[PDB]
Each structure stands twice: as structure tokens, then as C-alpha cells.
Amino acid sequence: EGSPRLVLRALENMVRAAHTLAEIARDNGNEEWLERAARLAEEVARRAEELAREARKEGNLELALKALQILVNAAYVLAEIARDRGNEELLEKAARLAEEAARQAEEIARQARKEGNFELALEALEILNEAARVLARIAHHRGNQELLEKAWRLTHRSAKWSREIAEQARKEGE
């Protein structure tokens, strides 16, 4: 018996370090230190994909969303490491990681809106913002109009489906 919330909170610390490591390597022109930072971010993305995968099978979608957030943040670290280093092969893998998190975050948001689970939807709609903000930035440094439009549309679904809940949770006769 363990605590998946603690595995979450630990993975939160590892991207913050991977982001800090990439920052230190970048500001000081250390190509070997970029590689050690990129290797750390590659673990978390693989670690975040497993936890989100497992949490989906047991039906706790709140963990799934929080795991997809860490997947998004790791995709942002790997993205800017690939850019400051001319590696377009990582930017593809980084974009497809953020896009998969954006795809799954919409699934949970779409189904939570269908059930009336207002809290799951808003939490999932928060993660769509995080994934869509990263998809747009990554697609900008890659010249992909379609995923840039995808990031634009996803943000509007975050705004519209949240607006529904806001009007749908208004006072009785306001």
C-alpha cells in the first residue's frame, strides 16, 4: 500500500529540478549539462505517462489530470532544450506529448460535462489551458499551423465549457 498523491508530489519536484537544470545549462553554455537535464525530463515524461495510464485504469481521473500536467511541463522543458540546441527530432516528440495530454484532457472534460461532474470538468478544463499554451508555443517554434490552430480551438473550449458551468451555477433567481 502506498500514496499515489505522494508519487504525484514527487514527480512535481522532478520537473522543477529538470527545468532548473536546463536553465543552469542554458545560461552558461554547457552542452553536456543540457544533456543531463534533458535526460531527467525524459524520465518524468515516461514516469508521467505511466502514472496517468495506471490512474486511468483504476478510475481516478483527478490523478490522471494532475499526471498529464506534469507530462505537459516536461514536454515544455524538452521543447526548449531541443530549440536551444537545433534538435528538431525532440520538438516533434515534445509536441506529440503535449498534444496527447491535450487530447486526454479534453476526453475527461467532455465526459465530465456529459455527466454533470462540474468539478472534474473545471479541473480538466484547467489542464487543457496548460497543454494548449504549450502546444501553441511548441508549434510556433516548429511552424505547424494546424497544431497552432488546435491549441487555439482547445483554449476556446476551455473558455466556453467553463462559461456554461458559471451560468449553470448561478444563484437561484439572480
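Numbers for residues come from their place in the sequence shown, where the first is 1.
> On mean Cα temperature factor in this entry, is 118 to 126 or 54 to 62 the higher one?
The deposited B-factors put 54 to 62 ahead on the C-alpha mean.
> Compare the mean C-alpha B-factor of 45 to 53 with that of 28 to 36 as given in the PDB entry, and name the stretch with the higher value.
In the deposited entry, the stretch with the higher C-alpha B-factor mean is 28 to 36.
> Divide the modelled residues of the chain into thirds by Cα B-factor and specify which third, lowest, middle or highest, holds residue 135.
Ranked within chain, residue 135 CA B lands in the lowest tercile.
> With respect to C-alpha B-factor, does residue 104 fall in the lowest, middle or highest third of the chain as deposited?
Middle third, going by the recorded CA B-factors of the chain.
> Rank-wise, by C-alpha B-factor, drop residue 82 into the lowest, middle or highest third of its chain.
Top third by C-alpha B-factor.
> Hey, what third does residue 69 fall into on Cα B-factor, ranked over its chain?
For residue 69, whose C-alpha B-factor we compare with every modelled residue in the chain, the answer is the lowest third.
> Test of reading the entry: by CA B factor among the chain's modelled residues, which third contains residue 75?
For residue 75, whose C-alpha B-factor we compare with every modelled residue in the chain, the answer is the lowest third.
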